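Just one chain follows, in the form deposited in one PDB entry, and it is written as structure tokens.
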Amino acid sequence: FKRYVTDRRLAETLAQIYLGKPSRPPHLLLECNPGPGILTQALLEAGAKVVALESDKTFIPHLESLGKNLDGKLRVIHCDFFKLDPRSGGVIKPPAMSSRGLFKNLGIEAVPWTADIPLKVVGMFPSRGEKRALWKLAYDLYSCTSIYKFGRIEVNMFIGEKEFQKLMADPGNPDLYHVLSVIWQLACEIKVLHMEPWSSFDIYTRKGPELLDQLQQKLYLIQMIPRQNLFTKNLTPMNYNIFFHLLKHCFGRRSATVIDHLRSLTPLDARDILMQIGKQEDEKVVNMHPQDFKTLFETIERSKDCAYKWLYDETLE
């Protein structure tokens, strides 16, 4: 399901945090699932270049008429961010539009990773596909394809309570500290911009406008801006699969030491590798910092005099 704002005050409060946060005028907004468009009305009275991306064709005419009547900058392109750039098939159904064509007709182009931010993406996360969307975004970001093919883009989205706690989990909270937390926190400077109680929104189901638990579940608006130096000499979009496997393996046995996982993952001397990163041999996995994982991976990958370094030949699937 999906939810959209039904209150003038809530949309007004969202307007300045969405638009006035970047003091630079020229940032256009790629809003996702406008719904009725009241939030789009707030962003339009704010004066931003709101590019509505409606999932279906039902509410496009209303928004398009509103944008064209006053010559407002409200281009309701028929696309959905959830289904953007699907690998399956060759013919793309218009609701699932290829990223290249969407950016070409939108008018934005590519920028270097070290360069500044091209644009900003806003909206709300899927009600029940938060993990799926997070994994897709992480895969795209680390592979440097799809939306992040053109440049680092903020993703200012509301997320549920449980997913937010699992995302912000740290070695100080090993109960929920998992691979998603590491992969996201190594890439995006996640910071909660706003927090709201879900009873404010209105849930618009398939027919139209669990449930109580969702309403009491506070949604956190989270901003993900990719780090400037995420990709390095050793950590590259081609090698991200090995790193993903290492992180998913090390959390297979959470109540275990890194030194034993290294034996399962590499033929190199576990103690010698652990000595380089300045860590004791008796170190649990859940006590490893997300930056420590990246340092470990880069240390392993930097073996000067050897021929084999890994046991992930893609045969594992």
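We number the residues from 1 along the sequence you see. The term rigid core refers to the maximal set of C-alpha atoms that superpose within 1.5 Å between the two forms.
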Counting residues of the deposited sequence that sit between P209 and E210 but have no coordinates, the total is 4 to 9
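From this point on, the text means the form deposited in another entry, which you will not see here.
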A Cα shift of 2 Å or more between the shown form and the other one, after fitting the rigid core, is seen among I117, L230, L215, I108 only at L215
By the 2 angstroms cut-off, has the C-alpha of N69 moved between the shown form and the other one once the rigid core is superposed?
-> yes
(message) Once both forms sit on the same rigid core, is the C-alpha displacement of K21 at or above 2 Å between the shown form and the other one?
(response) yes
Output row for the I38-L215 CA distance, |change| of 3 angstroms or more in that other deposited form, reads farther
Checking the C-alpha spacing of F103 and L70, a student should find that in that other deposited form it changes by 3 angstroms or more, with the atoms closer
